[PDB]
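Asks: For reference, the file run-v6.txt (compact mmCIF, N, CA and C atoms) is included below:
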# COMPACT_ATOMS: atom_id res chain seq x y z
N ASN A 1 108.17 91.82 105.80
CA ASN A 1 107.65 92.80 106.79
C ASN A 1 108.57 94.00 107.02
N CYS A 2 107.96 95.18 107.10
CA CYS A 2 108.68 96.42 107.34
C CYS A 2 108.42 96.85 108.78
N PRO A 3 109.48 96.91 109.60
CA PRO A 3 109.35 97.30 111.01
C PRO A 3 108.80 98.72 111.18
N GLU A 4 107.77 98.86 112.02
CA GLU A 4 107.17 100.17 112.27
C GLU A 4 107.01 100.41 113.77
N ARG A 5 107.31 101.63 114.20
CA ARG A 5 107.19 101.99 115.61
C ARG A 5 105.76 101.78 116.10
N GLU A 6 105.60 101.62 117.41
CA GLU A 6 104.28 101.44 118.02
C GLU A 6 103.48 102.72 117.81
N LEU A 7 102.16 102.59 117.69
CA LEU A 7 101.31 103.75 117.49
C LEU A 7 101.61 104.82 118.54
N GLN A 8 101.77 104.39 119.78
CA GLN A 8 102.06 105.29 120.89
C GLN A 8 103.26 106.18 120.60
N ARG A 9 104.32 105.58 120.09
CA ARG A 9 105.54 106.32 119.77
C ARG A 9 105.33 107.28 118.59
N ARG A 10 104.59 106.82 117.59
CA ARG A 10 104.33 107.63 116.41
C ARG A 10 103.52 108.88 116.74
N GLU A 11 102.52 108.75 117.61
CA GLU A 11 101.69 109.88 118.00
C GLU A 11 102.56 110.88 118.75
N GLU A 12 103.51 110.35 119.50
CA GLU A 12 104.43 111.15 120.30
C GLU A 12 105.40 111.96 119.44
N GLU A 13 105.85 111.37 118.34
CA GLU A 13 106.81 112.04 117.46
C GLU A 13 106.20 112.90 116.34
N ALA A 14 104.88 113.02 116.31
CA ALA A 14 104.22 113.84 115.30
C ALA A 14 103.40 114.92 115.99
N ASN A 15 103.75 116.18 115.76
CA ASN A 15 103.04 117.30 116.38
C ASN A 15 101.72 117.62 115.70
N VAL A 16 101.57 117.18 114.46
CA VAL A 16 100.34 117.41 113.69
C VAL A 16 99.86 116.10 113.06
N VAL A 17 98.56 115.86 113.14
CA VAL A 17 97.94 114.68 112.56
C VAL A 17 96.65 115.15 111.91
N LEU A 18 96.50 114.86 110.62
CA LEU A 18 95.32 115.30 109.89
C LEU A 18 94.83 114.30 108.86
N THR A 19 93.62 114.53 108.36
CA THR A 19 93.01 113.68 107.35
C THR A 19 92.83 114.54 106.11
N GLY A 20 92.91 113.94 104.93
CA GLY A 20 92.76 114.71 103.71
C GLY A 20 92.83 113.96 102.40
N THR A 21 92.61 114.69 101.31
CA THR A 21 92.61 114.14 99.96
C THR A 21 93.74 114.71 99.09
N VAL A 22 94.47 113.82 98.43
CA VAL A 22 95.57 114.24 97.56
C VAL A 22 94.96 114.80 96.27
N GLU A 23 95.16 116.09 96.03
CA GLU A 23 94.61 116.74 94.83
C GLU A 23 95.60 116.82 93.68
N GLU A 24 96.87 117.03 94.00
CA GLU A 24 97.86 117.17 92.96
C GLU A 24 99.26 116.76 93.40
N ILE A 25 99.96 116.06 92.51
CA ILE A 25 101.32 115.66 92.79
C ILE A 25 102.17 116.82 92.31
N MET A 26 103.04 117.32 93.17
CA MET A 26 103.88 118.44 92.82
C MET A 26 105.29 117.98 92.47
N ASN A 27 106.27 118.84 92.71
CA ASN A 27 107.66 118.55 92.39
C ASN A 27 108.38 117.51 93.24
N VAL A 28 109.53 117.10 92.73
CA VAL A 28 110.41 116.13 93.38
C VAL A 28 111.56 116.86 94.07
N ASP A 29 112.08 116.25 95.13
CA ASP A 29 113.23 116.78 95.84
C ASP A 29 114.35 115.81 95.47
N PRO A 30 115.21 116.20 94.51
CA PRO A 30 116.32 115.36 94.05
C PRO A 30 117.38 115.01 95.08
N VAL A 31 117.48 115.81 96.14
CA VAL A 31 118.47 115.55 97.18
C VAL A 31 118.06 114.42 98.13
N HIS A 32 116.78 114.38 98.52
CA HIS A 32 116.33 113.34 99.44
C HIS A 32 115.50 112.26 98.75
N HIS A 33 115.34 112.38 97.44
CA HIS A 33 114.58 111.41 96.66
C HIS A 33 113.17 111.25 97.22
N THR A 34 112.45 112.36 97.30
CA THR A 34 111.09 112.36 97.81
C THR A 34 110.27 113.32 96.96
N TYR A 35 108.96 113.32 97.15
CA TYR A 35 108.10 114.22 96.41
C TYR A 35 107.02 114.82 97.31
N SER A 36 106.40 115.90 96.84
CA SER A 36 105.36 116.60 97.59
C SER A 36 104.03 116.54 96.85
N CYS A 37 102.96 116.81 97.58
CA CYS A 37 101.61 116.79 97.02
C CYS A 37 100.76 117.87 97.66
N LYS A 38 99.75 118.33 96.92
CA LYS A 38 98.84 119.33 97.45
C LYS A 38 97.72 118.48 98.06
N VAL A 39 97.36 118.79 99.30
CA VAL A 39 96.32 118.02 99.99
C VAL A 39 95.19 118.89 100.54
N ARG A 40 93.95 118.50 100.24
CA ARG A 40 92.79 119.23 100.74
C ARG A 40 92.44 118.60 102.10
N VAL A 41 92.63 119.37 103.16
CA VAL A 41 92.36 118.89 104.52
C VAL A 41 90.88 118.79 104.86
N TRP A 42 90.48 117.72 105.56
CA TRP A 42 89.09 117.60 105.99
C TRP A 42 89.04 118.03 107.46
N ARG A 43 89.75 117.30 108.32
CA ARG A 43 89.79 117.62 109.74
C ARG A 43 91.12 117.29 110.40
N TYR A 44 91.48 118.09 111.41
CA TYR A 44 92.72 117.87 112.16
C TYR A 44 92.42 117.00 113.38
N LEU A 45 93.29 116.04 113.67
CA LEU A 45 93.11 115.18 114.83
C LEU A 45 94.07 115.65 115.92
N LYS A 46 95.04 116.47 115.53
CA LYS A 46 96.03 117.00 116.46
C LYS A 46 96.87 118.10 115.83
N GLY A 47 97.22 119.10 116.64
CA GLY A 47 98.06 120.19 116.17
C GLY A 47 97.46 121.24 115.25
N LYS A 48 96.14 121.39 115.25
CA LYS A 48 95.53 122.40 114.39
C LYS A 48 96.07 123.80 114.65
N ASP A 49 96.36 124.11 115.91
CA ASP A 49 96.87 125.43 116.27
C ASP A 49 98.28 125.67 115.73
N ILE A 50 99.04 124.59 115.57
CA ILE A 50 100.39 124.71 115.04
C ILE A 50 100.30 125.12 113.56
N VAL A 51 99.42 124.46 112.81
CA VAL A 51 99.26 124.78 111.40
C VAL A 51 98.75 126.20 111.22
N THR A 52 97.79 126.59 112.06
CA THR A 52 97.19 127.93 112.00
C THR A 52 98.21 129.06 112.14
N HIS A 53 99.21 128.86 112.99
CA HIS A 53 100.21 129.89 113.22
C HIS A 53 101.52 129.79 112.45
N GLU A 54 101.81 128.63 111.85
CA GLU A 54 103.07 128.48 111.13
C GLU A 54 102.96 128.17 109.63
N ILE A 55 101.75 127.97 109.13
CA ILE A 55 101.58 127.64 107.72
C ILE A 55 100.60 128.56 107.00
N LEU A 56 100.98 129.07 105.84
CA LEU A 56 100.09 129.92 105.05
C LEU A 56 99.26 128.98 104.20
N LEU A 57 97.98 128.89 104.51
CA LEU A 57 97.08 128.00 103.78
C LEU A 57 96.63 128.55 102.44
N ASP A 58 96.46 127.65 101.48
CA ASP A 58 96.00 128.01 100.15
C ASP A 58 94.51 127.68 100.05
N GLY A 59 93.71 128.67 99.68
CA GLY A 59 92.28 128.43 99.56
C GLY A 59 91.64 128.09 100.89
N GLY A 60 92.37 128.35 101.97
CA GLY A 60 91.85 128.09 103.30
C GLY A 60 91.88 126.65 103.80
N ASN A 61 91.92 125.67 102.91
CA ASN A 61 91.93 124.27 103.36
C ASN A 61 92.90 123.35 102.61
N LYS A 62 93.89 123.94 101.95
CA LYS A 62 94.86 123.13 101.21
C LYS A 62 96.29 123.39 101.67
N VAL A 63 97.01 122.31 101.91
CA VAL A 63 98.40 122.39 102.35
C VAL A 63 99.26 121.53 101.46
N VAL A 64 100.56 121.74 101.54
CA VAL A 64 101.50 120.96 100.76
C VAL A 64 102.23 120.07 101.75
N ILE A 65 102.31 118.79 101.44
CA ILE A 65 102.99 117.84 102.32
C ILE A 65 104.12 117.22 101.52
N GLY A 66 105.31 117.16 102.12
CA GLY A 66 106.45 116.57 101.44
C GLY A 66 106.98 115.37 102.18
N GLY A 67 107.97 114.70 101.61
CA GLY A 67 108.53 113.54 102.26
C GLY A 67 108.01 112.20 101.75
N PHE A 68 107.10 112.21 100.79
CA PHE A 68 106.58 110.95 100.24
C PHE A 68 107.70 110.20 99.53
N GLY A 69 107.71 108.88 99.68
CA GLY A 69 108.74 108.07 99.04
C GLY A 69 109.95 107.83 99.92
N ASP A 70 109.95 108.42 101.11
CA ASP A 70 111.05 108.27 102.06
C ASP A 70 111.23 106.80 102.46
N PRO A 71 112.43 106.23 102.23
CA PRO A 71 112.78 104.84 102.55
C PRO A 71 112.59 104.44 104.02
N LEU A 72 112.72 105.41 104.91
CA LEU A 72 112.58 105.17 106.35
C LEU A 72 111.14 104.92 106.80
N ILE A 73 110.18 105.26 105.94
CA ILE A 73 108.75 105.10 106.23
C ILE A 73 108.16 103.92 105.43
N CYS A 74 107.50 102.99 106.12
CA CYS A 74 106.93 101.81 105.47
C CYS A 74 105.87 102.08 104.40
N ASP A 75 104.80 102.76 104.76
CA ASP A 75 103.72 103.09 103.82
C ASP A 75 103.93 104.56 103.45
N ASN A 76 104.60 104.80 102.32
CA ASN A 76 104.95 106.15 101.90
C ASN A 76 104.56 106.64 100.50
N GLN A 77 103.64 105.96 99.83
CA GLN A 77 103.24 106.39 98.49
C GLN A 77 101.78 106.80 98.40
N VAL A 78 101.48 107.72 97.48
CA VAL A 78 100.11 108.18 97.24
C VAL A 78 99.92 108.53 95.77
N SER A 79 98.66 108.56 95.34
CA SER A 79 98.30 108.93 93.97
C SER A 79 97.19 109.96 94.09
N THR A 80 96.96 110.71 93.03
CA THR A 80 95.90 111.71 93.03
C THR A 80 94.57 111.06 93.42
N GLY A 81 93.84 111.69 94.33
CA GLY A 81 92.56 111.14 94.75
C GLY A 81 92.60 110.30 96.02
N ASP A 82 93.79 109.92 96.47
CA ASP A 82 93.94 109.11 97.69
C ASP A 82 93.53 109.87 98.95
N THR A 83 92.95 109.16 99.90
CA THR A 83 92.53 109.74 101.18
C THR A 83 93.32 109.01 102.27
N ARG A 84 93.91 109.76 103.20
CA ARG A 84 94.73 109.15 104.24
C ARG A 84 94.75 109.95 105.54
N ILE A 85 95.38 109.37 106.55
CA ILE A 85 95.58 110.03 107.83
C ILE A 85 97.07 110.32 107.77
N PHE A 86 97.45 111.59 107.88
CA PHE A 86 98.87 111.96 107.80
C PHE A 86 99.47 112.39 109.13
N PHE A 87 100.60 111.79 109.50
CA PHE A 87 101.33 112.12 110.72
C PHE A 87 102.49 112.99 110.23
N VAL A 88 102.43 114.29 110.53
CA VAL A 88 103.44 115.22 110.04
C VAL A 88 103.95 116.27 111.03
N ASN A 89 104.99 116.99 110.61
CA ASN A 89 105.61 118.06 111.37
C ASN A 89 105.98 119.18 110.41
N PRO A 90 105.87 120.44 110.86
CA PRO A 90 106.22 121.56 109.97
C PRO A 90 107.70 121.41 109.59
N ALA A 91 108.03 121.66 108.33
CA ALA A 91 109.42 121.54 107.88
C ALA A 91 110.34 122.53 108.59
N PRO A 92 111.43 122.03 109.19
CA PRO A 92 112.42 122.85 109.90
C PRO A 92 113.06 123.86 108.95
N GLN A 93 113.59 124.96 109.49
CA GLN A 93 114.20 125.99 108.65
C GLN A 93 115.37 125.48 107.80
N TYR A 94 116.13 124.52 108.31
CA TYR A 94 117.26 124.01 107.55
C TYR A 94 116.85 123.18 106.34
N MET A 95 115.55 123.10 106.09
CA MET A 95 115.02 122.38 104.94
C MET A 95 114.44 123.38 103.98
N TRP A 96 114.67 124.66 104.27
CA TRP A 96 114.20 125.77 103.45
C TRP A 96 115.32 126.17 102.50
N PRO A 97 114.98 126.77 101.35
CA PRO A 97 113.63 127.10 100.88
C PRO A 97 112.92 125.99 100.10
N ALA A 98 113.57 124.86 99.90
CA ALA A 98 112.95 123.77 99.14
C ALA A 98 111.61 123.34 99.73
N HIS A 99 111.57 123.17 101.05
CA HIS A 99 110.34 122.75 101.71
C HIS A 99 109.73 123.83 102.60
N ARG A 100 109.90 125.09 102.19
CA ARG A 100 109.35 126.20 102.95
C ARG A 100 107.83 126.19 102.88
N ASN A 101 107.20 126.34 104.04
CA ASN A 101 105.74 126.35 104.16
C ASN A 101 105.15 124.97 103.87
N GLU A 102 105.89 123.91 104.18
CA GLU A 102 105.40 122.54 103.95
C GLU A 102 105.38 121.73 105.23
N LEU A 103 104.53 120.71 105.26
CA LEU A 103 104.46 119.81 106.40
C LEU A 103 105.18 118.55 105.92
N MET A 104 106.05 117.99 106.75
CA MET A 104 106.79 116.79 106.36
C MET A 104 106.27 115.51 107.01
N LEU A 105 106.16 114.47 106.19
CA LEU A 105 105.68 113.16 106.61
C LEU A 105 106.64 112.56 107.65
N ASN A 106 106.11 112.13 108.79
CA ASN A 106 106.94 111.56 109.86
C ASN A 106 106.84 110.05 110.03
N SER A 107 105.68 109.47 109.73
CA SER A 107 105.52 108.03 109.85
C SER A 107 104.51 107.53 108.82
N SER A 108 104.33 106.21 108.76
CA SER A 108 103.42 105.61 107.80
C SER A 108 102.03 106.21 107.67
N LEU A 109 101.55 106.25 106.43
CA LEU A 109 100.23 106.76 106.10
C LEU A 109 99.22 105.71 106.56
N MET A 110 98.04 106.15 106.98
CA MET A 110 97.01 105.22 107.43
C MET A 110 95.74 105.42 106.61
N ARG A 111 95.02 104.33 106.35
CA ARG A 111 93.78 104.39 105.59
C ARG A 111 92.70 105.03 106.45
N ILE A 112 91.66 105.54 105.81
CA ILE A 112 90.56 106.16 106.53
C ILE A 112 89.50 105.11 106.87
N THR A 113 89.48 104.66 108.12
CA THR A 113 88.48 103.70 108.60
C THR A 113 88.13 104.21 109.99
N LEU A 114 86.92 103.92 110.46
CA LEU A 114 86.54 104.37 111.79
C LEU A 114 87.46 103.79 112.87
N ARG A 115 87.90 102.55 112.69
CA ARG A 115 88.78 101.93 113.68
C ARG A 115 90.08 102.72 113.82
N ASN A 116 90.68 103.11 112.70
CA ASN A 116 91.93 103.89 112.72
C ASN A 116 91.69 105.26 113.35
N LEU A 117 90.60 105.91 112.94
CA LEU A 117 90.25 107.23 113.48
C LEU A 117 90.08 107.16 115.00
N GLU A 118 89.37 106.13 115.48
CA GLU A 118 89.14 105.96 116.92
C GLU A 118 90.44 105.69 117.68
N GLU A 119 91.25 104.77 117.17
CA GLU A 119 92.51 104.44 117.84
C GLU A 119 93.47 105.62 117.93
N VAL A 120 93.58 106.36 116.83
CA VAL A 120 94.48 107.51 116.82
C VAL A 120 93.97 108.59 117.77
N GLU A 121 92.67 108.86 117.75
CA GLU A 121 92.12 109.86 118.65
C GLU A 121 92.34 109.49 120.11
N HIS A 122 92.18 108.21 120.43
CA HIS A 122 92.36 107.74 121.80
C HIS A 122 93.80 107.90 122.26
N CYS A 123 94.74 107.56 121.38
CA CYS A 123 96.14 107.68 121.71
C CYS A 123 96.51 109.15 121.91
N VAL A 124 95.88 110.03 121.15
CA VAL A 124 96.15 111.46 121.26
C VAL A 124 95.59 111.99 122.57
N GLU A 125 94.40 111.54 122.94
CA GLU A 125 93.76 111.99 124.17
C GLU A 125 94.46 111.46 125.42
N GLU A 126 94.96 110.23 125.35
CA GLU A 126 95.67 109.64 126.48
C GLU A 126 96.95 110.42 126.78
N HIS A 127 97.71 110.69 125.72
CA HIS A 127 98.96 111.43 125.84
C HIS A 127 98.69 112.82 126.40
N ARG A 128 97.51 113.35 126.09
CA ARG A 128 97.12 114.67 126.57
C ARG A 128 96.70 114.63 128.05
N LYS A 129 96.33 113.45 128.54
CA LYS A 129 95.93 113.32 129.94
C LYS A 129 97.13 113.41 130.87
N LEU A 130 98.30 113.01 130.39
CA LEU A 130 99.51 113.08 131.20
C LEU A 130 99.82 114.55 131.47
N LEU A 131 99.10 115.43 130.79
CA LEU A 131 99.26 116.87 130.94
C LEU A 131 98.49 117.31 132.19
Can you present the structure in this file as structure tokens?
Replies:
Amino acid sequence: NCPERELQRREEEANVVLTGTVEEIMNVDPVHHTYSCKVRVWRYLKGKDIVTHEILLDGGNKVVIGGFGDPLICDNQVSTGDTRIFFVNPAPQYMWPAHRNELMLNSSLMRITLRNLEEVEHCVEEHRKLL
């Protein structure tokens, strides 16, 4: 078993949460031993406004996500054609230019099922109620 933070904590530590399809595996980051992929976004579950103002989208619905293969994350691998729920954050400036204009994976990838979609949306809405 691989220890994973509670859903509550994960939603809290990820400013952007989206669903999408892996279209292409891109380059490797030899320093952190991770890789990036081009992902066609379907819908945002959180942080859509953050992506709109800080990321230059390709073709209007495609983004690059990096950090796959990270040892700190339990479910961290993908192949072309995979569909998942991604918990990510825009890459900080100190990770530029290697990860410039990329969203970085923050916690385990989740499969696309209505149960997962419902639970994640609820956790996002609850955290928003404290507002």
Asks: Please, which residues in segment 81-114 of chain A fall within 8 Å of segment 8-20 of chain A when counting only N, CA and C atoms, and what is the closest atom pair and distance in Å to one decimal for each, ordered by chain then residue number, as a Markdown table?
Replies:
| residue | atom | partner | partner_atom | distance |
| --- | --- | --- | --- | --- |
| A:81 | C | A:20 | C | 7.4 |
| A:82 | C | A:20 | C | 5.4 |
| A:83 | CA | A:20 | C | 4.4 |
| A:84 | N | A:20 | C | 4.4 |
| A:85 | CA | A:18 | C | 4.5 |
| A:86 | N | A:18 | C | 3.9 |
| A:87 | CA | A:17 | CA | 4.6 |
| A:88 | N | A:16 | C | 4.0 |
| A:89 | CA | A:15 | N | 5.1 |
| A:90 | N | A:16 | N | 6.5 |
| A:106 | CA | A:14 | CA | 6.5 |
| A:107 | CA | A:10 | CA | 6.7 |
| A:108 | N | A:10 | CA | 7.8 |
| A:112 | CA | A:19 | CA | 8.0 |
Asks: When you look at residue 67 of chain A with a cut-off of 7 Å (counting only C-alpha atoms), what residues show up, excluding the ones that are within fewer than 3 positions of it in the same chain? I need them as a list in words.
Replies: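 Once the nearby chain positions are removed, what remains is residues 34, 35, 36, 70, 104 and 105 of chain A.
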Asks: List the spatial neighbours of residue 64 of chain A as number ranges by chain - criterion: any atom at most 8 Å away, all atoms listed in the file, same-chain residues fewer than 6 positions off excluded.
Replies: A: 36-40, 56-58, 101-104
Asks: Got a sec to tell me which of chain A DSSP assigns to alpha helix (DSSP H), as a list in words?
Replies: residues 7, 8, 9, 10, 11, 12, 48, 49, 50, 51, 52, 53, 54, 114, 115, 116, 117, 118, 119, 120, 121, 122, 123, 124, 125, 126, 127, 128 and 129 of chain A
Asks: Write a file of the selected residues as a PDB file, keeping the file's coordinate frame, keeping N, CA and C atoms.
Replies:
ATOM      1  N   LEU A   7     102.160 102.590 117.690  1.00  0.00           N
ATOM      2  CA  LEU A   7     101.310 103.750 117.490  1.00  0.00           C
ATOM      3  C   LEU A   7     101.610 104.820 118.540  1.00  0.00           C
ATOM      4  N   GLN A   8     101.770 104.390 119.780  1.00  0.00           N
ATOM      5  CA  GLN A   8     102.060 105.290 120.890  1.00  0.00           C
ATOM      6  C   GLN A   8     103.260 106.180 120.600  1.00  0.00           C
ATOM      7  N   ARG A   9     104.320 105.580 120.090  1.00  0.00           N
ATOM      8  CA  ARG A   9     105.540 106.320 119.770  1.00  0.00           C
ATOM      9  C   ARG A   9     105.330 107.280 118.590  1.00  0.00           C
ATOM     10  N   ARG A  10     104.590 106.820 117.590  1.00  0.00           N
ATOM     11  CA  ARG A  10     104.330 107.630 116.410  1.00  0.00           C
ATOM     12  C   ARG A  10     103.520 108.880 116.740  1.00  0.00           C
ATOM     13  N   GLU A  11     102.520 108.750 117.610  1.00  0.00           N
ATOM     14  CA  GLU A  11     101.690 109.880 118.000  1.00  0.00           C
ATOM     15  C   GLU A  11     102.560 110.880 118.750  1.00  0.00           C
ATOM     16  N   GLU A  12     103.510 110.350 119.500  1.00  0.00           N
ATOM     17  CA  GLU A  12     104.430 111.150 120.300  1.00  0.00           C
ATOM     18  C   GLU A  12     105.400 111.960 119.440  1.00  0.00           C
ATOM     19  N   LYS A  48      96.140 121.390 115.250  1.00  0.00           N
ATOM     20  CA  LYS A  48      95.530 122.400 114.390  1.00  0.00           C
ATOM     21  C   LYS A  48      96.070 123.800 114.650  1.00  0.00           C
ATOM     22  N   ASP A  49      96.360 124.110 115.910  1.00  0.00           N
ATOM     23  CA  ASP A  49      96.870 125.430 116.270  1.00  0.00           C
ATOM     24  C   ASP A  49      98.280 125.670 115.730  1.00  0.00           C
ATOM     25  N   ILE A  50      99.040 124.590 115.570  1.00  0.00           N
ATOM     26  CA  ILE A  50     100.390 124.710 115.040  1.00  0.00           C
ATOM     27  C   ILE A  50     100.300 125.120 113.560  1.00  0.00           C
ATOM     28  N   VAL A  51      99.420 124.460 112.810  1.00  0.00           N
ATOM     29  CA  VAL A  51      99.260 124.780 111.400  1.00  0.00           C
ATOM     30  C   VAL A  51      98.750 126.200 111.220  1.00  0.00           C
ATOM     31  N   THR A  52      97.790 126.590 112.060  1.00  0.00           N
ATOM     32  CA  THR A  52      97.190 127.930 112.000  1.00  0.00           C
ATOM     33  C   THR A  52      98.210 129.060 112.140  1.00  0.00           C
ATOM     34  N   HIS A  53      99.210 128.860 112.990  1.00  0.00           N
ATOM     35  CA  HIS A  53     100.210 129.890 113.220  1.00  0.00           C
ATOM     36  C   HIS A  53     101.520 129.790 112.450  1.00  0.00           C
ATOM     37  N   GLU A  54     101.810 128.630 111.850  1.00  0.00           N
ATOM     38  CA  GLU A  54     103.070 128.480 111.130  1.00  0.00           C
ATOM     39  C   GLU A  54     102.960 128.170 109.630  1.00  0.00           C
ATOM     40  N   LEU A 114      86.920 103.920 110.460  1.00  0.00           N
ATOM     41  CA  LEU A 114      86.540 104.370 111.790  1.00  0.00           C
ATOM     42  C   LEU A 114      87.460 103.790 112.870  1.00  0.00           C
ATOM     43  N   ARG A 115      87.900 102.550 112.690  1.00  0.00           N
ATOM     44  CA  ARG A 115      88.780 101.930 113.680  1.00  0.00           C
ATOM     45  C   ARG A 115      90.080 102.720 113.820  1.00  0.00           C
ATOM     46  N   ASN A 116      90.680 103.110 112.700  1.00  0.00           N
ATOM     47  CA  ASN A 116      91.930 103.890 112.720  1.00  0.00           C
ATOM     48  C   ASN A 116      91.690 105.260 113.350  1.00  0.00           C
ATOM     49  N   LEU A 117      90.600 105.910 112.940  1.00  0.00           N
ATOM     50  CA  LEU A 117      90.250 107.230 113.480  1.00  0.00           C
ATOM     51  C   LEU A 117      90.080 107.160 115.000  1.00  0.00           C
ATOM     52  N   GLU A 118      89.370 106.130 115.480  1.00  0.00           N
ATOM     53  CA  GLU A 118      89.140 105.960 116.920  1.00  0.00           C
ATOM     54  C   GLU A 118      90.440 105.690 117.680  1.00  0.00           C
ATOM     55  N   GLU A 119      91.250 104.770 117.170  1.00  0.00           N
ATOM     56  CA  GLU A 119      92.510 104.440 117.840  1.00  0.00           C
ATOM     57  C   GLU A 119      93.470 105.620 117.930  1.00  0.00           C
ATOM     58  N   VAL A 120      93.580 106.360 116.830  1.00  0.00           N
ATOM     59  CA  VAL A 120      94.480 107.510 116.820  1.00  0.00           C
ATOM     60  C   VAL A 120      93.970 108.590 117.770  1.00  0.00           C
ATOM     61  N   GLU A 121      92.670 108.860 117.750  1.00  0.00           N
ATOM     62  CA  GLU A 121      92.120 109.860 118.650  1.00  0.00           C
ATOM     63  C   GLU A 121      92.340 109.490 120.110  1.00  0.00           C
ATOM     64  N   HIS A 122      92.180 108.210 120.430  1.00  0.00           N
ATOM     65  CA  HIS A 122      92.360 107.740 121.800  1.00  0.00           C
ATOM     66  C   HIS A 122      93.800 107.900 122.260  1.00  0.00           C
ATOM     67  N   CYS A 123      94.740 107.560 121.380  1.00  0.00           N
ATOM     68  CA  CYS A 123      96.140 107.680 121.710  1.00  0.00           C
ATOM     69  C   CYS A 123      96.510 109.150 121.910  1.00  0.00           C
ATOM     70  N   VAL A 124      95.880 110.030 121.150  1.00  0.00           N
ATOM     71  CA  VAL A 124      96.150 111.460 121.260  1.00  0.00           C
ATOM     72  C   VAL A 124      95.590 111.990 122.570  1.00  0.00           C
ATOM     73  N   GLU A 125      94.400 111.540 122.940  1.00  0.00           N
ATOM     74  CA  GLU A 125      93.760 111.990 124.170  1.00  0.00           C
ATOM     75  C   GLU A 125      94.460 111.460 125.420  1.00  0.00           C
ATOM     76  N   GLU A 126      94.960 110.230 125.350  1.00  0.00           N
ATOM     77  CA  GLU A 126      95.670 109.640 126.480  1.00  0.00           C
ATOM     78  C   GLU A 126      96.950 110.420 126.780  1.00  0.00           C
ATOM     79  N   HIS A 127      97.710 110.690 125.720  1.00  0.00           N
ATOM     80  CA  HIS A 127      98.960 111.430 125.840  1.00  0.00           C
ATOM     81  C   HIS A 127      98.690 112.820 126.400  1.00  0.00           C
ATOM     82  N   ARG A 128      97.510 113.350 126.090  1.00  0.00           N
ATOM     83  CA  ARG A 128      97.120 114.670 126.570  1.00  0.00           C
ATOM     84  C   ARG A 128      96.700 114.630 128.050  1.00  0.00           C
ATOM     85  N   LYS A 129      96.330 113.450 128.540  1.00  0.00           N
ATOM     86  CA  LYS A 129      95.930 113.320 129.940  1.00  0.00           C
ATOM     87  C   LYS A 129      97.130 113.410 130.870  1.00  0.00           C
TER      88      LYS A 129
END
Asks: Go through A:3, A:69, A:92, A:97 one by one, measure the shortest atom-to-atom distance of each to residue 33 of chain A using only N, CA and C atoms, and give the residue with the smallest value.
Replies: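 Ranked by minimum distance to residue 33 of chain A, first place goes to A:69.
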Asks: What separation in Å, quoted to one decimal, exists between atom CA of residue 73 of chain A and atom C of residue 48 of chain A?
Replies: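 Atom C of residue 48 of chain A lies at a distance of 24.1 Å from atom CA of residue 73 of chain A.
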Asks: Measure the distance from atom CA of residue 51 of chain A to atom CA of residue 130 of chain A in Å and round it to one decimal.
Replies: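 Computed distance, atom CA of residue 51 of chain A to atom CA of residue 130 of chain A, equals 23.0 Å.
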